[PDB]
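Basis for what follows: all heavy atoms, side chains included, without hydrogens, waters or symmetry-related copies. Numbering of ligands and ligand atoms starts at 1, following listing order. Residues take their numbers from the sequence shown, with the count starting at 1.
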Amino acid sequence: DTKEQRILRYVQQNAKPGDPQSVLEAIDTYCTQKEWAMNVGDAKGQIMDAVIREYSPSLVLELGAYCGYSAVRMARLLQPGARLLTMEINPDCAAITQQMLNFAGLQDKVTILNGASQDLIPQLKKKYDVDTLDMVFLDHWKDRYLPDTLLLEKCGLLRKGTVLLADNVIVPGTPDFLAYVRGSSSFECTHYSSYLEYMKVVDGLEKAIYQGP
Ligand SMILES: O=c1[nH]cnc2c(O)c(F)c(-c3ccc(F)cc3)c(-c3ccc(F)cc3)c12
Ligand SMILES: Nc1ncnc2c1ncn2[C@@H]1O[C@H](CSCC[C@H](N)C(=O)O)[C@@H](O)[C@H]1O
Ligand SMILES: [Cl-]
Ligand SMILES: [Mg+2]
């Protein structure tokens with residue numbers, strides 16, 4: 001078995017079915033006490049919660065699902081009828097994420113998309129019937145942040161006020177993406193300093209609000 005499978009089994013044996021908060025707490029306990037993993041975590045997760053509550057997005061896109069931690073965290077705060085789409089390139093992670101969402105009782109709010117973000121984004125309008133996105137959580141791989149942001153704009157998926165929220169802009173760091181959004185009149189940017197999940201290491205989130213072409 002894999003670390004990801006151990007995390008899922010730990011949730012299934014130590015959380016309450018249908019209780020998202022208990023799922024998050026179980027994941028955080030396992031990753032603090034047993035094995036580190038790249039979930040956004042509780043310190044940065046609290047900032048994400050604040051953002052979700054401020055904007056009450058109807059349609060969120062997540063880039064990078066992993067075990068489903070961040071998907072659980074966002075989906076538990078969505079209003080009735082609101083939806084999350086999450087893209088995940090690794091099929092074993094996609095299956096763990098689906099099972100995690102099912103355990104948490106959130107499966108009707110989330111759709112997992114299999115594949116690479118750069119291949120799936122251009123399909124959102126026609127295949128997946130998306131008009132524009134209200135929020136995007138970028139948390140896949142540092143070198144894809146800038147290219148996928150530019151792709152989302154090209155594809156007409158951003159509207160005035162779409163919120164981009166990017167993890168790990170300090171560790172490992174995303175200097176091309178930060179330089180671009182902070183220098184572009186098409187974004188209004190705020191930095192939220194925090195900590196790397198489960199570690200006493202500084203990290204941060206960037207919020208970049210799209211302002212149109
Ligand atoms: O790749 C990631 N995607 C999403 N979120 C991540 C995340 O939240 C992380 F904290 C890390 C991280 C940071 C520091 C570290 F030491 C190990 C891993 C990674 C990551 C970075 C570099 C890699 F070589 C492998 C994984 C990711
Ligand atoms: N181009 C790409 N498209 C889609 N998923 C990708 C990708 N490159 C990397 N990934 C995926 O991005 C994930 C990064 S970790 C995601 C953590 C998650 N957001 C959480 O906080 O719980 C991995 O599962 C990895 O397989
Ligand atoms: Cl944490
Ligand atoms: Mg991350």
Should the pair [X]-[Y] be classified as a salt bridge under the 4.0 Å nitrogen-to-oxygen rule?
X: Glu188; Y: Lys207; answer: no
X: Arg76; Y: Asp19; answer: no
X: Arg159; Y: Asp134; answer: yes

Go through the side-chain N and O atoms of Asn14 and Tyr30 and say whether any donor and acceptor fall under 3.5 Å apart. no
Is a donor from one side chain sitting under 3.5 angstrom from an acceptor on the other, for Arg6 and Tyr10? no
Measure up the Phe177 and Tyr145 rings against each other and bin them: parallel (under 30°), tilted (30 to 60°), perpendicular (over 60°). perpendicular
Residues 108-123 side chain polar contacts: donor-acceptor under 3.5 Å, at least two apart:
unit_1 : atom_1 : unit_2 : atom_2 : d
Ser117 : OG     : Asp148 : OD2    : 2.6
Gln118 : OE1    : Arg144 : NE     : 3.3

Can you list, by chain and residue number, every protein residue with a non-hydrogen atom closer than 4.0 Å to ligand 1? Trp36, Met38, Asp139, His140, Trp141, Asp167, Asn168, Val171, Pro172, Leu196, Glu197
Just jot down the salt bridge (charged side-chain N to carboxylate O under 4.0 Å, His left out) partners of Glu88, sequence neighbours excluded, or say none. none
Using a 6.0 Å cut-off, check whether atom OH of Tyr180 has over 12 heavy atoms from anything other than its own residue. no
Please indicate how many protein N/O/S atoms are found closer than 2.8 Å to the Mg ion (ligand 4), with waters neither displayed nor included. 3
